$ cat run-v3.txt   # compact mmCIF, C-alpha atoms and all ligand atoms
# COMPACT_ATOMS: atom_id res chain seq x y z
CA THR A 26 67.02 98.97 99.80
CA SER A 27 65.56 96.93 102.64
CA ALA A 28 64.21 98.30 105.94
CA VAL A 29 67.42 97.16 107.67
CA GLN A 30 69.46 99.03 105.04
CA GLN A 31 67.40 102.20 105.48
CA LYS A 32 67.92 101.98 109.25
CA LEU A 33 71.67 101.50 108.73
CA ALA A 34 71.62 104.54 106.45
CA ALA A 35 69.88 106.58 109.16
CA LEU A 36 72.41 105.44 111.75
CA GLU A 37 75.24 106.32 109.37
CA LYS A 38 73.77 109.74 108.60
CA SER A 39 73.48 110.61 112.29
CA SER A 40 76.93 109.23 113.01
CA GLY A 41 78.84 111.68 110.84
CA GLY A 42 80.90 108.90 109.30
CA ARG A 43 80.91 106.00 106.86
CA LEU A 44 79.49 102.63 107.94
CA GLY A 45 79.95 99.25 106.28
CA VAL A 46 78.06 96.13 107.33
CA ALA A 47 77.94 92.57 106.04
CA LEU A 48 75.81 89.84 107.57
CA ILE A 49 75.74 86.22 106.45
CA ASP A 50 72.96 84.07 107.90
CA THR A 51 74.18 80.47 107.57
CA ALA A 52 70.68 79.20 108.38
CA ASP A 53 69.90 79.98 104.74
CA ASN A 54 73.14 81.63 103.47
CA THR A 55 71.38 84.92 102.96
CA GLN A 56 73.30 88.20 103.13
CA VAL A 57 72.52 91.70 104.33
CA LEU A 59 74.87 94.34 102.97
CA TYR A 60 75.31 98.04 103.65
CA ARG A 61 78.21 99.54 101.67
CA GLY A 62 79.20 95.89 101.36
CA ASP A 63 81.57 96.45 98.43
CA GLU A 64 83.24 99.62 99.68
CA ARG A 65 86.72 99.36 101.07
CA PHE A 66 87.39 100.07 104.73
CA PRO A 67 90.62 99.98 106.74
CA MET A 68 90.67 96.72 108.68
CA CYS A 69 93.03 97.86 111.48
CA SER A 70 93.24 95.17 114.16
CA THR A 71 90.58 93.01 112.48
CA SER A 72 93.29 91.93 110.02
CA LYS A 73 94.77 89.98 112.92
CA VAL A 74 92.21 87.23 112.46
CA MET A 75 93.52 86.53 109.01
CA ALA A 76 97.14 86.49 110.19
CA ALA A 77 96.24 84.06 112.97
CA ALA A 78 94.33 81.87 110.56
CA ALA A 79 97.28 81.89 108.18
CA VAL A 80 99.54 80.62 110.95
CA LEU A 81 96.94 78.03 111.85
CA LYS A 82 96.96 76.96 108.22
CA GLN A 83 100.74 76.59 108.31
CA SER A 84 100.34 74.51 111.48
CA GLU A 85 98.28 71.93 109.59
CA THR A 86 101.44 70.50 108.11
CA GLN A 87 103.71 71.18 111.11
CA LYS A 88 102.32 69.62 114.28
CA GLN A 89 104.68 71.56 116.51
CA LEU A 90 104.54 74.95 114.78
CA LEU A 91 102.32 76.55 117.41
CA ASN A 92 104.80 75.56 120.10
CA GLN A 93 107.77 77.15 118.33
CA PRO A 94 109.39 79.99 120.31
CA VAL A 95 109.68 83.48 118.79
CA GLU A 96 112.10 85.95 120.34
CA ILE A 97 110.75 89.27 121.65
CA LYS A 98 113.35 92.04 121.64
CA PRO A 99 112.95 95.52 123.17
CA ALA A 100 113.03 97.02 119.66
CA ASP A 101 110.08 94.83 118.66
CA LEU A 102 107.61 96.69 120.89
CA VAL A 103 105.27 98.99 119.00
CA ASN A 104 102.31 101.07 120.10
CA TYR A 105 100.22 98.49 121.96
CA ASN A 106 101.90 95.42 123.48
CA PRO A 107 100.04 94.40 126.65
CA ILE A 108 101.30 90.80 126.47
CA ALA A 109 104.54 91.08 124.47
CA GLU A 110 106.07 93.62 126.87
CA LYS A 111 106.02 90.90 129.57
CA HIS A 112 108.24 88.70 127.34
CA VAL A 113 110.79 91.26 126.13
CA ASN A 114 114.25 89.68 126.05
CA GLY A 115 112.33 86.44 126.23
CA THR A 116 110.24 84.39 123.83
CA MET A 117 106.58 83.77 123.06
CA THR A 118 105.25 80.74 121.26
CA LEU A 119 103.26 81.13 118.05
CA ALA A 120 100.29 79.84 120.06
CA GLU A 121 100.90 82.55 122.67
CA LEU A 122 101.37 85.18 119.96
CA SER A 123 98.17 84.16 118.17
CA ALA A 124 96.20 84.28 121.41
CA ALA A 125 97.73 87.65 122.31
CA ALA A 126 96.98 89.09 118.85
CA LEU A 127 93.38 87.87 118.82
CA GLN A 128 92.30 88.18 122.43
CA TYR A 129 94.26 91.22 123.56
CA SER A 130 94.96 92.80 120.15
CA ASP A 131 98.67 92.89 120.88
CA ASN A 132 100.33 94.61 117.95
CA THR A 133 103.77 93.13 118.66
CA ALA A 134 102.19 89.69 118.62
CA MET A 135 100.54 90.63 115.34
CA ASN A 136 103.89 91.69 113.87
CA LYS A 137 105.38 88.37 114.88
CA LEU A 138 102.50 86.57 113.15
CA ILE A 139 103.09 88.69 110.04
CA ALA A 140 106.82 87.88 110.12
CA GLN A 141 106.04 84.16 110.48
CA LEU A 142 104.19 84.43 107.15
CA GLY A 143 107.01 86.34 105.43
CA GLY A 144 105.48 89.80 105.72
CA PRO A 145 102.08 91.32 104.87
CA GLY A 146 102.12 89.78 101.40
CA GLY A 147 102.07 86.33 103.00
CA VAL A 148 98.84 87.17 104.81
CA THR A 149 97.37 88.48 101.57
CA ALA A 150 98.48 85.28 99.83
CA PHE A 151 96.69 83.19 102.46
CA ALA A 152 93.58 85.30 101.80
CA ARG A 153 93.88 84.58 98.10
CA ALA A 154 94.41 80.87 98.81
CA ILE A 155 91.14 80.65 100.76
CA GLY A 156 89.18 82.51 98.08
CA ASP A 157 89.30 86.11 99.38
CA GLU A 158 90.16 88.24 96.35
CA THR A 159 89.55 91.57 98.15
CA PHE A 160 91.59 91.51 101.39
CA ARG A 161 95.01 93.12 101.21
CA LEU A 162 97.59 93.53 103.97
CA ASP A 163 100.31 95.92 102.96
CA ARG A 164 102.03 97.09 106.15
CA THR A 165 102.98 95.91 109.62
CA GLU A 166 101.89 97.32 112.95
CA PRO A 167 101.44 100.15 113.76
CA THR A 168 101.28 101.87 110.38
CA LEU A 169 98.60 99.53 109.05
CA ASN A 170 96.20 101.58 111.24
CA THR A 171 96.70 104.95 109.51
CA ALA A 172 93.23 104.40 107.98
CA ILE A 173 93.56 107.25 105.50
CA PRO A 174 90.37 107.81 103.46
CA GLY A 175 90.77 106.58 99.93
CA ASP A 176 93.94 104.64 100.75
CA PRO A 177 93.48 101.02 99.58
CA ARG A 178 96.35 99.66 101.65
CA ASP A 179 95.32 97.32 104.47
CA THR A 180 91.65 97.37 103.50
CA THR A 181 88.87 94.95 102.70
CA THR A 182 85.16 95.18 102.06
CA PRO A 183 82.48 94.10 104.51
CA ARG A 184 81.20 91.41 102.11
CA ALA A 185 84.60 89.86 101.49
CA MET A 186 85.54 89.95 105.17
CA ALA A 187 82.23 88.36 106.21
CA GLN A 188 82.62 85.63 103.58
CA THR A 189 86.19 84.97 104.72
CA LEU A 190 85.38 84.92 108.42
CA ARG A 191 82.62 82.42 107.65
CA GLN A 192 84.94 80.16 105.67
CA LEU A 193 87.57 80.31 108.44
CA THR A 194 85.30 79.79 111.46
CA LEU A 195 82.36 77.80 110.04
CA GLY A 196 83.68 76.44 106.75
CA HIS A 197 86.65 74.38 105.78
CA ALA A 198 89.28 77.00 104.99
CA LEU A 199 91.15 75.51 107.99
CA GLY A 200 91.48 71.96 109.22
CA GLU A 201 89.00 70.90 111.89
CA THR A 202 91.38 71.31 114.83
CA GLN A 203 92.64 74.66 113.56
CA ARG A 204 89.08 75.88 113.02
CA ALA A 205 88.17 74.92 116.60
CA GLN A 206 91.30 76.70 117.87
CA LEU A 207 90.46 79.87 115.93
CA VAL A 208 86.92 79.86 117.24
CA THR A 209 88.13 79.24 120.79
CA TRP A 210 90.50 82.20 120.44
CA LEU A 211 87.83 84.52 119.02
CA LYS A 212 85.33 83.56 121.71
CA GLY A 213 87.89 84.40 124.40
CA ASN A 214 88.37 87.91 123.02
CA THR A 215 88.68 90.48 125.82
CA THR A 216 87.98 93.64 123.79
CA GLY A 217 84.56 93.14 122.26
CA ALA A 218 81.88 93.86 124.80
CA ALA A 219 81.20 97.43 123.65
CA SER A 220 80.96 96.64 119.90
CA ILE A 221 78.78 94.08 118.04
CA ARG A 222 78.31 92.30 121.39
CA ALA A 223 76.54 95.31 122.93
CA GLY A 224 73.92 95.30 120.16
CA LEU A 225 72.92 91.61 120.45
CA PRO A 226 70.75 89.78 122.99
CA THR A 227 72.76 88.78 126.04
CA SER A 228 71.96 85.08 125.51
CA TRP A 229 73.88 84.91 122.20
CA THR A 230 77.46 83.63 122.12
CA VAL A 231 79.92 85.80 120.20
CA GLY A 232 83.49 85.37 119.09
CA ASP A 233 84.83 88.54 117.61
CA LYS A 234 87.83 90.70 116.83
CA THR A 235 87.74 94.47 117.26
CA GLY A 236 89.92 97.08 115.65
CA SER A 237 90.46 100.78 115.71
CA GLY A 238 92.60 103.34 114.06
CA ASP A 240 93.03 106.90 112.93
CA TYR A 241 90.10 108.75 111.35
CA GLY A 242 88.06 107.37 114.25
CA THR A 243 88.13 103.96 112.60
CA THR A 244 86.08 101.54 114.66
CA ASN A 245 85.75 97.95 113.45
CA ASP A 246 84.43 94.64 114.67
CA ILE A 247 84.08 91.27 112.98
CA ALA A 248 82.11 88.54 114.71
CA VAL A 249 80.83 85.02 114.47
CA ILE A 250 77.58 84.74 116.41
CA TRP A 251 75.68 81.76 117.82
CA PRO A 252 72.14 83.03 118.49
CA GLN A 254 70.01 80.97 120.85
CA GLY A 255 68.22 78.23 118.90
CA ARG A 256 69.33 79.26 115.40
CA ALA A 257 72.31 78.60 113.13
CA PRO A 258 75.30 80.96 113.44
CA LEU A 259 75.74 84.33 111.78
CA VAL A 260 78.76 86.20 110.54
CA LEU A 261 78.65 89.95 111.07
CA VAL A 262 81.14 92.58 109.98
CA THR A 263 80.79 96.21 111.09
CA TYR A 264 83.38 98.68 109.79
CA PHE A 265 83.18 102.39 110.56
CA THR A 266 85.43 105.30 109.68
CA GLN A 267 85.20 109.06 109.99
CA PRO A 268 86.32 112.10 107.99
CA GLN A 269 88.89 113.67 110.36
CA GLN A 270 92.14 112.08 111.47
CA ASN A 271 91.68 112.63 115.22
CA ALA A 272 88.06 111.50 115.41
CA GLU A 273 87.17 109.53 118.53
CA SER A 274 86.29 105.86 118.41
CA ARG A 275 82.56 105.15 118.08
CA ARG A 276 82.04 101.56 119.23
CA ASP A 277 78.42 102.44 120.05
CA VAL A 278 77.86 102.86 116.32
CA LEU A 279 78.91 99.26 115.77
CA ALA A 280 76.62 98.19 118.58
CA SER A 281 73.76 100.15 117.00
CA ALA A 282 74.37 98.56 113.60
CA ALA A 283 74.47 95.11 115.16
CA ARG A 284 71.24 95.88 117.03
CA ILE A 285 69.56 96.90 113.77
CA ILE A 286 70.85 93.69 112.12
CA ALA A 287 69.58 91.66 115.08
CA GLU A 288 66.02 92.99 114.59
CA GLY A 289 65.88 91.32 111.15
CA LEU A 290 67.53 87.90 111.68
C1 LIG B 301 93.84 97.45 116.36
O1 LIG B 301 92.98 97.98 115.68
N1 LIG B 301 94.65 98.11 117.21
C2 LIG B 301 95.34 97.41 118.30
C3 LIG B 301 94.65 97.81 119.62
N2 LIG B 301 93.59 96.86 120.00
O2 LIG B 301 92.52 96.97 119.03
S1 LIG B 301 91.05 97.16 119.73
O3 LIG B 301 91.09 98.42 120.41
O4 LIG B 301 90.17 97.13 118.58
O5 LIG B 301 90.94 96.01 120.59
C4 LIG B 301 93.95 99.16 119.49
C5 LIG B 301 94.67 100.13 118.57
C6 LIG B 301 94.80 99.57 117.16
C7 LIG B 301 96.21 100.01 116.72
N3 LIG B 301 96.32 101.25 116.26
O6 LIG B 301 97.18 99.26 116.80
$ encode --input "run-v3.txt" --output "structure tokens"
Amino acid sequence: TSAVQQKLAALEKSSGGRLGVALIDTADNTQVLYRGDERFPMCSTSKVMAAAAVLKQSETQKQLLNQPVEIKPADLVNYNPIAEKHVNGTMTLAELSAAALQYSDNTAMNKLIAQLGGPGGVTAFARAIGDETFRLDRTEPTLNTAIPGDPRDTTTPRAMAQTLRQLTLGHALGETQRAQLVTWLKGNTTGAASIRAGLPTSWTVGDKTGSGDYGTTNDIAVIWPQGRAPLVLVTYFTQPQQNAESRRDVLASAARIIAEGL
């Protein structure tokens, strides 16, 4: 173990839960892993992959992101801050992608999932961009049950970091779609208490948070530190009891520990 890993272990031990971290430094492609090959429930962080999959579809349909998608009252689930304003109306796939990523709208996420033919279509996109680990099995809201030992709707920190890098910094998407994904992630509204809180204020972050049962507290981020090449950082966290409170400070602490290395 490295010093960063021993610090992450100490944070995890005092946290009362299970922490997973994966950093990729694209300055030199090095990786820091803590429980990097253990599965964690993704919860809302799976939305990135659904949005990227729709962006990928849009590479061969110029007008796909402008296509209207009907929002019915029955479509509303547990957290719909944008979709509820369009009930009995429509949202475009661009609007749904932005709502899913920036406001973590679960109705928008379900519309993205349906646009891909269900959770298996998101998993298939993951496979098509080289992610052998990601699996999406359910829609919102049950994909957030986050039951320990349940492999459904999970990934590992390493695989998620690798995928987020390919999507945001690599060529898993076309150039325009990559820029759109990064623009969406950087305009996230929900991230300031998570990885963002553990990094120097001068660094630009685009991220996607998630949370679920068992106190599951997740964040996945692409980071532009001042004067250095970007990083990819994945912090997953989950706890032993179903009603545990969210612990975004633990993600911030892990990010702060990561930041002290590179
Ligand atoms: C995603 O994990 N979810 C949607 C909603 N927003 O996520 S955030 O809090 O990480 O921004 C929170 C609840 C969760 C869900 N159970 O749908």
$ closest_residue --input "run-v3.txt" --among "A:104, A:182, A:189, A:93" --to "residue 59 of chain A" --atoms "all atoms listed in the file"
A:182
$ closest_atom_pairs --input "run-v3.txt" --of "chain A" --to "ligand LIG 301 (chain B)" --cutoff "8 Å" --atoms "all atoms listed in the file" --output "Markdown table"
| residue | atom | partner | partner_atom | distance |
| --- | --- | --- | --- | --- |
| A:68 | CA | B:LIG301 | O1 | 7.5 |
| A:69 | CA | B:LIG301 | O1 | 4.2 |
| A:70 | CA | B:LIG301 | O1 | 3.2 |
| A:71 | CA | B:LIG301 | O1 | 6.4 |
| A:104 | CA | B:LIG301 | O6 | 6.4 |
| A:105 | CA | B:LIG301 | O6 | 6.0 |
| A:129 | CA | B:LIG301 | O5 | 6.5 |
| A:130 | CA | B:LIG301 | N2 | 4.3 |
| A:131 | CA | B:LIG301 | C2 | 6.2 |
| A:132 | CA | B:LIG301 | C2 | 5.7 |
| A:166 | CA | B:LIG301 | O6 | 6.4 |
| A:167 | CA | B:LIG301 | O6 | 5.3 |
| A:168 | CA | B:LIG301 | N3 | 7.7 |
| A:169 | CA | B:LIG301 | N3 | 7.8 |
| A:170 | CA | B:LIG301 | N3 | 5.0 |
| A:171 | CA | B:LIG301 | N3 | 7.7 |
| A:215 | CA | B:LIG301 | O5 | 7.9 |
| A:216 | CA | B:LIG301 | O5 | 5.0 |
| A:217 | CA | B:LIG301 | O5 | 7.2 |
| A:234 | CA | B:LIG301 | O4 | 7.1 |
| A:235 | CA | B:LIG301 | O4 | 3.8 |
| A:236 | CA | B:LIG301 | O4 | 2.9 |
| A:237 | CA | B:LIG301 | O1 | 3.8 |
| A:238 | CA | B:LIG301 | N3 | 4.8 |
| A:240 | CA | B:LIG301 | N3 | 7.3 |
| A:244 | CA | B:LIG301 | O4 | 7.2 |
| A:245 | CA | B:LIG301 | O4 | 6.8 |
| A:246 | CA | B:LIG301 | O4 | 7.4 |
$ residues_around --input "run-v3.txt" --residues "residue 89 of chain A" --least-positions-apart "5" --cutoff "12 Å" --atoms "all atoms listed in the file" --output "PDB file with C-alpha atoms, in the coordinates of the input"
ATOM      1  CA  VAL A  80      99.540  80.620 110.950  1.00  0.00           C
ATOM      2  CA  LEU A  81      96.940  78.030 111.850  1.00  0.00           C
ATOM      3  CA  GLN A  83     100.740  76.590 108.310  1.00  0.00           C
ATOM      4  CA  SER A  84     100.340  74.510 111.480  1.00  0.00           C
ATOM      5  CA  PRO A  94     109.390  79.990 120.310  1.00  0.00           C
ATOM      6  CA  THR A 118     105.250  80.740 121.260  1.00  0.00           C
ATOM      7  CA  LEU A 119     103.260  81.130 118.050  1.00  0.00           C
ATOM      8  CA  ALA A 120     100.290  79.840 120.060  1.00  0.00           C
TER       9      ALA A 120
END
$ residues_around --input "run-v3.txt" --residues "residue 122 of chain A" --least-positions-apart "5" --cutoff "8 Å" --atoms "all atoms listed in the file" --output "PyMOL selection string"
chain A and resi 117+134-135+137-138
$ atom_distance --input "run-v3.txt" --atom1 "atom CA of residue 290 of chain A" --atom2 "atom CA of residue 208 of chain A"
21.7 Å
$ atom_distance --input "run-v3.txt" --atom1 "atom CA of residue 133 of chain A" --atom2 "atom CA of residue 147 of chain A"
17.2 Å
$ closest_residue --input "run-v3.txt" --among "A:123, A:165, A:40, A:159" --to "residue 185 of chain A" --atoms "only C-alpha atoms"
A:159
$ atom_distance --input "run-v3.txt" --atom1 "atom CA of residue 254 of chain A" --atom2 "atom CA of residue 224 of chain A"
14.9 Å
$ closest_residue --input "run-v3.txt" --among "A:160, A:151, A:241, A:229" --to "residue 198 of chain A" --atoms "only C-alpha atoms"
A:151
$ closest_residue --input "run-v3.txt" --among "A:54, A:111, A:75, A:90" --to "residue 161 of chain A" --atoms "only C-alpha atoms"
A:75
$ closest_residue --input "run-v3.txt" --among "A:223, A:247, A:193, A:127" --to "residue 211 of chain A" --atoms "all atoms listed in the file"
A:127
$ closest_residue --input "run-v3.txt" --among "A:125, A:225, A:259, A:155" --to "residue 287 of chain A" --atoms "all atoms listed in the file"
A:225
$ residues_around --input "run-v3.txt" --residues "residue 39 of chain A" --least-positions-apart "5" --cutoff "12 Å" --atoms "all atoms listed in the file" --output "list in words"
residues 32, 33, 34, 44, 278 and 281 of chain A
$ write_last_selection --input "run-v3.txt" --atoms "C-alpha atoms" --output "PDB file, in the coordinates of the input"
ATOM      1  CA  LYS A  32      67.920 101.980 109.250  1.00  0.00           C
ATOM      2  CA  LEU A  33      71.670 101.500 108.730  1.00  0.00           C
ATOM      3  CA  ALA A  34      71.620 104.540 106.450  1.00  0.00           C
ATOM      4  CA  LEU A  44      79.490 102.630 107.940  1.00  0.00           C
ATOM      5  CA  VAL A 278      77.860 102.860 116.320  1.00  0.00           C
ATOM      6  CA  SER A 281      73.760 100.150 117.000  1.00  0.00           C
TER       7      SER A 281
END
$ decode --input "run-v3.txt" --residues "segment 265-287 of chain A" --atoms "N, CA and C atoms" --output "JSON list (two decimals), in the first residue's frame"
[["chain", "number", "residue", "atom", "x", "y", "z"],
["A", 265, "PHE", "N", -19.02, 5.26, -1.88],
["A", 265, "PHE", "CA", -19.06, 5.03, -0.45],
["A", 265, "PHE", "C", -20.39, 4.40, -0.09],
["A", 266, "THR", "N", -20.37, 3.37, 0.74],
["A", 266, "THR", "CA", -21.63, 2.74, 1.11],
["A", 266, "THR", "C", -21.50, 2.21, 2.53],
["A", 267, "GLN", "N", -22.63, 2.04, 3.19],
["A", 267, "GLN", "CA", -22.61, 1.81, 4.63],
["A", 267, "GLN", "C", -23.42, 0.57, 4.97],
["A", 268, "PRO", "N", -23.27, 0.03, 6.19],
["A", 268, "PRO", "CA", -23.84, -1.30, 6.46],
["A", 268, "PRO", "C", -25.34, -1.32, 6.70],
["A", 269, "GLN", "N", -25.96, -0.23, 7.13],
["A", 269, "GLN", "CA", -27.39, -0.24, 7.46],
["A", 269, "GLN", "C", -28.22, 0.54, 6.46],
["A", 270, "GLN", "N", -29.45, 0.08, 6.23],
["A", 270, "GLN", "CA", -30.21, 0.58, 5.08],
["A", 270, "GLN", "C", -30.52, 2.06, 5.21],
["A", 271, "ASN", "N", -30.80, 2.54, 6.42],
["A", 271, "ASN", "CA", -31.20, 3.92, 6.64],
["A", 271, "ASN", "C", -30.03, 4.84, 7.00],
["A", 272, "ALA", "N", -28.80, 4.44, 6.69],
["A", 272, "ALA", "CA", -27.67, 5.29, 7.03],
["A", 272, "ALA", "C", -27.79, 6.62, 6.29],
["A", 273, "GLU", "N", -27.32, 7.68, 6.95],
["A", 273, "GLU", "CA", -27.33, 9.01, 6.34],
["A", 273, "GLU", "C", -26.24, 9.13, 5.28],
["A", 274, "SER", "N", -26.48, 10.00, 4.31],
["A", 274, "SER", "CA", -25.44, 10.34, 3.35],
["A", 274, "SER", "C", -24.22, 10.92, 4.07],
["A", 275, "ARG", "N", -23.05, 10.66, 3.50],
["A", 275, "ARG", "CA", -21.77, 11.11, 4.03],
["A", 275, "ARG", "C", -20.94, 11.75, 2.91],
["A", 276, "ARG", "N", -21.42, 12.87, 2.36],
["A", 276, "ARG", "CA", -20.64, 13.49, 1.29],
["A", 276, "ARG", "C", -19.29, 14.00, 1.78],
["A", 277, "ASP", "N", -19.19, 14.34, 3.07],
["A", 277, "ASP", "CA", -17.92, 14.77, 3.63],
["A", 277, "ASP", "C", -16.87, 13.68, 3.50],
["A", 278, "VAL", "N", -17.28, 12.41, 3.48],
["A", 278, "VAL", "CA", -16.30, 11.34, 3.33],
["A", 278, "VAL", "C", -15.72, 11.38, 1.93],
["A", 279, "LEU", "N", -16.56, 11.66, 0.93],
["A", 279, "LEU", "CA", -16.03, 11.81, -0.42],
["A", 279, "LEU", "C", -15.10, 13.01, -0.49],
["A", 280, "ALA", "N", -15.48, 14.11, 0.15],
["A", 280, "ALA", "CA", -14.59, 15.25, 0.15],
["A", 280, "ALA", "C", -13.26, 14.91, 0.81],
["A", 281, "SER", "N", -13.29, 14.15, 1.91],
["A", 281, "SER", "CA", -12.06, 13.80, 2.60],
["A", 281, "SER", "C", -11.18, 12.92, 1.73],
["A", 282, "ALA", "N", -11.79, 11.97, 1.02],
["A", 282, "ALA", "CA", -11.02, 11.09, 0.14],
["A", 282, "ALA", "C", -10.40, 11.88, -0.99],
["A", 283, "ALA", "N", -11.17, 12.81, -1.56],
["A", 283, "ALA", "CA", -10.63, 13.66, -2.61],
["A", 283, "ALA", "C", -9.50, 14.53, -2.09],
["A", 284, "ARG", "N", -9.60, 14.99, -0.84],
["A", 284, "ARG", "CA", -8.57, 15.83, -0.27],
["A", 284, "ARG", "C", -7.29, 15.04, -0.08],
["A", 285, "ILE", "N", -7.43, 13.79, 0.37],
["A", 285, "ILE", "CA", -6.28, 12.89, 0.50],
["A", 285, "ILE", "C", -5.63, 12.63, -0.86],
["A", 286, "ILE", "N", -6.45, 12.41, -1.89],
["A", 286, "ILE", "CA", -5.97, 12.17, -3.25],
["A", 286, "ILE", "C", -5.21, 13.39, -3.75],
["A", 287, "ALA", "N", -5.75, 14.57, -3.47],
["A", 287, "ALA", "CA", -5.21, 15.85, -3.89],
["A", 287, "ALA", "C", -3.81, 16.06, -3.31]]
